[PDB]
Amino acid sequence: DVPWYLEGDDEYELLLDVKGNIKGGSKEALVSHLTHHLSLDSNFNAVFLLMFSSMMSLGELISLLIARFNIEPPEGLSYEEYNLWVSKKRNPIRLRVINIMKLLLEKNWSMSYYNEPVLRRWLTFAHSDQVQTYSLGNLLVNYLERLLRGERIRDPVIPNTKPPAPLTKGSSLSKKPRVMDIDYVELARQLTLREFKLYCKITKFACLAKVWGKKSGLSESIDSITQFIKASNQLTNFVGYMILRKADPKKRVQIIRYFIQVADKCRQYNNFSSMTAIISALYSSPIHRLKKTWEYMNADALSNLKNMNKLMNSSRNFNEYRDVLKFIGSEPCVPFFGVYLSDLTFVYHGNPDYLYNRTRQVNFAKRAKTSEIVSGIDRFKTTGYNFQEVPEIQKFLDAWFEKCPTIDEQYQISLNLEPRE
């Protein structure tokens, strides 16, 4: 067994579940467990480093970590007992503390964490003789110095396969081209390229900042998300407006079937963001009420649209979508980002930030659930899409995405295009 002075620290302030896993604890207890000298929990360490700002500030974490590095022995130890305490507890704790700081800087750093007094205290710590005897001491100094002068401490892979030839040469399109002058497969490719580029800019920190808000402890910009949501709203506005610009119902039905084919080709490309944005416009009130136009729709196109709507049934928890996303793997994919947000929003509002309303009993299990959800967004940044970009179509989409009115404003256009009886 272990002598009494070589046991863990602050463990009486940990709270465990049925399986024995940590469900909660105090700031001191959680950090003590993060730098435990006897055992190492990689899963705990990963969840804590990702979610720590929702539980404590950077300055509190650094202070608690430095206090662990400078841990004092309990009073009354004999000289021999103290030497054993140094070799078996303090020095292992110092290794854990330094390695945790390395992981914090290398894999769990948000620029919003920047705090010059904390960094300068941290830097002073890294300069200390006791830290400099470790090899990582010079690396800690190098990281903190770069963070202090504004420097930053990845891209999805594209296979060596030949890209498919673009189905619509940009030079063949007129200066003011019609949408259906673009091959629907090629439009799906270009929608997939712009959506995936916007998707890869979304960090986990931005997701935590959008859902948790001020409790996240992240002043990170959610601009990556707002641009991604803007692109989906614009694609939905664009789809409805291209339909409502056509005056002949026999021409509106061709535009709709064109967009059904686009959304379906996006589904084949594992681009569920653009596909959901397209069908949401088709099911929107201004387009859904075009009874004279849908009378022309072939059963084949209607089935494909219904199947895509069954796939992304929000009222049925996206059940079929979840079953399909589970088997993507290494294939490139633009997921429907709305599912991540709702999952995160559900666990943020369904679980308390504290256990039994005790401020010193932080609900760590709530952070663990959130960590498992938000970490999924990285699964689909591993491999990118091998599609040749057509700038003429990219500029064409940029122009219309800004010009189109909202779906709500398009309701009046629908009422004039097909009046009520």
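In case it trips you up, residue 1 is the first one in the sequence shown, and so on.
A chain break between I153 and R154 is present, corresponding to 1 to 3 residues of the deposited sequence without coordinates. Here 155-163 and 199-207 are compared by their mean Cα B-factor, and 155-163 comes out higher. Comparing 208-216 with 164-172, the higher mean C-alpha B-factor in the PDB entry belongs to 164-172. Within the listed group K292, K89, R322, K265, the record reports its top CA B-factor for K292. Take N386, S57, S32, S63 and read off each C-alpha B-factor from the entry; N386 has the highest.
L355: CA B factor lies in the middle third for its chain, per the PDB record. Annotation for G20: CA B-factor lies in the highest third of the chain's modelled residues. Annotation for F396: CA B-factor lies in the middle third of the chain's modelled residues. When all modelled residues of the chain are sorted by CA temperature factor, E372 is found within the middle third. Among the modelled residues of its chain, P74 has a C-alpha B-factor that falls in the lowest third according to the deposited record.
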